[PDB]
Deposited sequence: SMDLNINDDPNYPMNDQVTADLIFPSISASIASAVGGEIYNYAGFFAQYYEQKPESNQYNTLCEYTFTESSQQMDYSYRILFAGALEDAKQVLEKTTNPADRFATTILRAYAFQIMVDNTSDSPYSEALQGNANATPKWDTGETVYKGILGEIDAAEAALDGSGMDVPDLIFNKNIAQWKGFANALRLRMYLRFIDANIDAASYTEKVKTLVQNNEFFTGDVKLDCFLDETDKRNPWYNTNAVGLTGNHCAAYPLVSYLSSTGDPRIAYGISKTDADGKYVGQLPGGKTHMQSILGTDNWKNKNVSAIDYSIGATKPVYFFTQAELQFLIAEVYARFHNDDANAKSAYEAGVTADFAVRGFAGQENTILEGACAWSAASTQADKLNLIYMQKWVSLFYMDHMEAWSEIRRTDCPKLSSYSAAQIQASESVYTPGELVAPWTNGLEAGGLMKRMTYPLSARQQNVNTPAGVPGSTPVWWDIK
């Protein structure tokens, strides 16, 4: 029955987007890095994983054999338009995740050997689906058990509108129907019919098979492999940001906040000596907050930063851009347990008044969005980095920065010191699932990780 199936959709999405995908995207967003004394995530850190590494095979199966199949069954089993609306929104989000990883995705033929549609085709289709499902709402309430919004239809509408905001911006910055999507995005923000709170699955317990999936994999089935990465530490330390203490531990060697250069683990050991670059010399990622931590689909902070971006870029409305910016920073301060301390940066290093040009203001928005997605929604962080290209890629190599840290601009990304990409640069996509290669001859030919997804054109 639909009631028994519908909860599995978001559970399955959460397992992927909050677990395996969240994990590798945090390396690509340069929040964290491989602890010196272990090797579990070397190939993610150094961009040396390949299609055979199967880095997203589990997530692909749980998204398509799990979440999307469950959504198909709900849509077959209920006429309740509000339930169909929520289901269609989750279905759209699953496709959005997949497209943001491999660009192409099974869609028109999904759910044998389906063809993989182009990501632009998928974005267009799922947006049309949300539109149609919304228009079919008749005012009656939901019937399915809804751990995300407790059957609150206005919230599901807000989620749909936030996903529209996210995806319209990607058309705009892909220069695809940019004029049209700009008008749609301006209207969306003017209507201000977004969600309150965060969009999250929040039922995780510190018990066997009930923990947050990222915590479960990395702190229970593994010993902790994550240390903080140099860009995040540098930026939080530079901006005097008290959120440096949330999810990041001071070094045991000296009680300092220390981030490892991306892909730089083996080089630190080489340059400094292996005995002088141990786990105690770098900031651990703190797993103690993770066991019961929700899985995020859409944070309020991100939503506000996207609204701020729209006001700054398309309305030329500085006052509403500042309000949404500060709202975003304020919300993230609250979620991390620092409510009321947001002025430490809103009246300090990251004050809107201190930014003069639109570029300076957009940098604030983009940098503060990136901070807010750390330990919340890494997949989205990696996507927003790819779309906006902010934080900017440092002009200096990891070795140059290690040799003379004064050249570095805190918060800029750093191409991994060891970098398996033949072209160098940042990771632009994930490989096609190996299971798809083995079972579906229509799976697009593999391309290097430097080949961008369709909406990433610069």
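Trainee: Do you know which deposited regions have no coordinates at all?
Mentor: Going by the record, the segments left unmodelled (no C-alpha atoms) fall at 1 to 18, 130 to 134.
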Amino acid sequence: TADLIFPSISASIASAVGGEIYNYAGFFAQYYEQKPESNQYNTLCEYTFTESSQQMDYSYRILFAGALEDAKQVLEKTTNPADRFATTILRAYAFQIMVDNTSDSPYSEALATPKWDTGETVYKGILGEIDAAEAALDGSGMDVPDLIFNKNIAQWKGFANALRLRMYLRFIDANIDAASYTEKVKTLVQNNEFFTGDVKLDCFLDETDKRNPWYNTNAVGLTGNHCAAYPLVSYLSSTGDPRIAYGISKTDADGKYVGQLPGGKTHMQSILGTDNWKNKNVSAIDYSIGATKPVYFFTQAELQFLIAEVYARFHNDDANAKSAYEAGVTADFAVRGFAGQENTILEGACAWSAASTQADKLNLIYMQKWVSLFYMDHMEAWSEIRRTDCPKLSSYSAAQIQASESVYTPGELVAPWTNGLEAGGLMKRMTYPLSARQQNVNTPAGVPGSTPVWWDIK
From here on, numbers count along this sequence of modelled residues.
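Trainee: For the higher mean C-alpha B factor in the entry, choose 257 to 265 or 315 to 323.
Mentor: Between 315 to 323 and 257 to 265, it is 315 to 323 that shows the higher mean C-alpha B-factor.
Trainee: Taking only the CA atoms, which stretch has the higher mean B-factor in the record, 199 to 207 or 158 to 166?
Mentor: Of 158 to 166 and 199 to 207, the stretch with the higher C-alpha B-factor average is 199 to 207.
Trainee: Using the temperature factors in the entry, find which of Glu302, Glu342, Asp104, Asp286 has the highest value at its Cα atom.
Mentor: It is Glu342.
Trainee: Can you tell me which of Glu412, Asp57, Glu37, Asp389 has the maximum CA B-factor listed in the PDB entry?
Mentor: Reading the PDB entry, the winner on C-alpha B-factor is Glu37.
Trainee: Name the third of the chain's ranked CA B-factors that contains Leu434, choosing lowest, middle or highest.
Mentor: Middle third, going by the recorded CA B-factors of the chain.
Trainee: Sorting by Cα B-factor within the chain, modelled residues only, which third would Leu393 end up in: lowest, middle or highest?
Mentor: Lowest third of the chain for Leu393's C-alpha B-factor.
Trainee: Would you mind ranking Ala331 by its C-alpha B-factor against the rest of the chain and naming the third, lowest, middle or highest?
Mentor: Its C-alpha B-factor, which the entry lists for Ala331, ranks in the middle third among residues of this chain.
Trainee: Quick one: classify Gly128 as lowest, middle or highest third of the chain based on its Cα B-factor.
Mentor: Answer is highest: the recorded C-alpha B-factor places it there.
Trainee: Comparing against every modelled residue in the chain, figure out the third that the C-alpha B-factor of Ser234 lands in (lowest, middle or highest).
Mentor: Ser234: CA B-factor falls in the middle third of its chain.
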